[PDB]
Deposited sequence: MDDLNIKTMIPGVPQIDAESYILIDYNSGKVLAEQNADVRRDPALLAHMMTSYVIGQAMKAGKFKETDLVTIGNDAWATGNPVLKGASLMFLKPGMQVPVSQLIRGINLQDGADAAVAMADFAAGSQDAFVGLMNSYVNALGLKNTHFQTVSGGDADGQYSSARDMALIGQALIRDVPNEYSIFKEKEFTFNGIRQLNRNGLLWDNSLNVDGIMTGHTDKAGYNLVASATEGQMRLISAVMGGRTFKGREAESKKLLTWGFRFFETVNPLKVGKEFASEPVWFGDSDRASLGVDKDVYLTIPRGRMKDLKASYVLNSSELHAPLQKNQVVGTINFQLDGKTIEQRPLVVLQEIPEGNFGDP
């Protein structure tokens, strides 16, 4: 009812679905049909990139390793021109192939990497589906690594934003690939088709874009402003003209009306409480995971922190990171965010 306590209107987005989330807090800022199962088109390669990134993180291979191209990679919609051939017998560096997945149809480079990383396309696809389970995605399923007609291949705006968040969070060295405006594939210079990388009003460093007639226009974008990072997923975009415009509009809106606060870090003492029957007198209390809250912009000065304990008194023995209560964060008297209150240091039984 104030200009201070206002609820912002969401801009009109000419697309079938969308979601906008904060990367750190995972807070959902805006959504429409975010769980509707859709053709992801070329965004499916975000999951391809994710699995590849996990393989490299785990030291399975390196960007300098040479990959031989098979007949499997050649058979994808079968050189009559195109110096963009991944022809059989070639041995391409992993560096070229992981970037070539992002480029044009990633089909032949994705098929080559699938065999390299997982032995076969089917096994690799099994890995994409195990990570759908690991990431908790409820509306994503993969059928193929090449391109994406595939009638049993789908995702949603939310699930695609979550894949973008995991890419950034879990495999940042693979995520770095996405901001490169240009790279050389097979000796020929390519440009990044994420045009928002050239936007000087926004700091966008990801992620992927893809259009087909059945899937419409699709973009997953990530943008930063200081320490704040937003992720948008816009899918089933209706027009060419809005294919980057709609996502820009969403991203700028989330930065204008929301700010992400970090009230408390792992290991820092939020409160202390006395503990009975221990070797020590007081329990050091806080969190086991960094607290990130996304709140209305202008409100961070007004945010109030408090806590409640699971009990009347703390009794030893207390394990490190044992949950003993709840931290509540309030604005205007109402609790908007809660986190678990843990023991920061073990208090074994004793005397006291």
*Unmodelled stretches of the deposited sequence, numbered from 1?*
1-3, 82-84, 359-361
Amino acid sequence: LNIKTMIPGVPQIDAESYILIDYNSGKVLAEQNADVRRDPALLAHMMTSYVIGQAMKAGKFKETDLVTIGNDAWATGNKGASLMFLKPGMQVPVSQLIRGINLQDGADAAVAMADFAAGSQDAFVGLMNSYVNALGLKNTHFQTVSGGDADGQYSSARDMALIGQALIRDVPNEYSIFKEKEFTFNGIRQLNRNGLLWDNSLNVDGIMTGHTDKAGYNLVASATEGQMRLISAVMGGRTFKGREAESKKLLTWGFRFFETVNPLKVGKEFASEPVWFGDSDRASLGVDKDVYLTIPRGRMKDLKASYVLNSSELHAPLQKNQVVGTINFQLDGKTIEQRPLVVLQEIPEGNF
From here on, numbers count along this sequence of modelled residues.
*Quick one: say whether 273-281 or 259-267 has the higher mean Cα B-factor in the deposited entry.*
273-281
*Compare the mean C-alpha B-factor of 66-74 with that of 49-57 as given in the PDB entry, and name the stretch with the higher value.*
66-74
*Choose from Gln227, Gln121, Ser130, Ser156 the residue with the greatest Cα B-factor as stated in the PDB record.*
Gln227
*Please pick out which of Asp105, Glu246, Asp115, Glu180 has the largest Cα B-factor as recorded in the entry.*
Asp105
*Using the B-factor values recorded in the entry, state whether the Cα atom of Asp151 falls in the lowest, middle or highest third among the modelled residues of its chain.*
highest
*Chain-relative CA temperature factor third for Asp332*: highest
*asked:* Considering every modelled residue of the chain and its Cα B-factor in the PDB entry, is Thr184 in the lowest, middle or highest third?
replied: highest
_Ranked C-alpha temperature factor of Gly216 among modelled chain residues, by third_ = lowest
*If you rank every modelled residue in this chain by C-alpha B factor, which third holds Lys87: lowest, middle or highest?*
highest
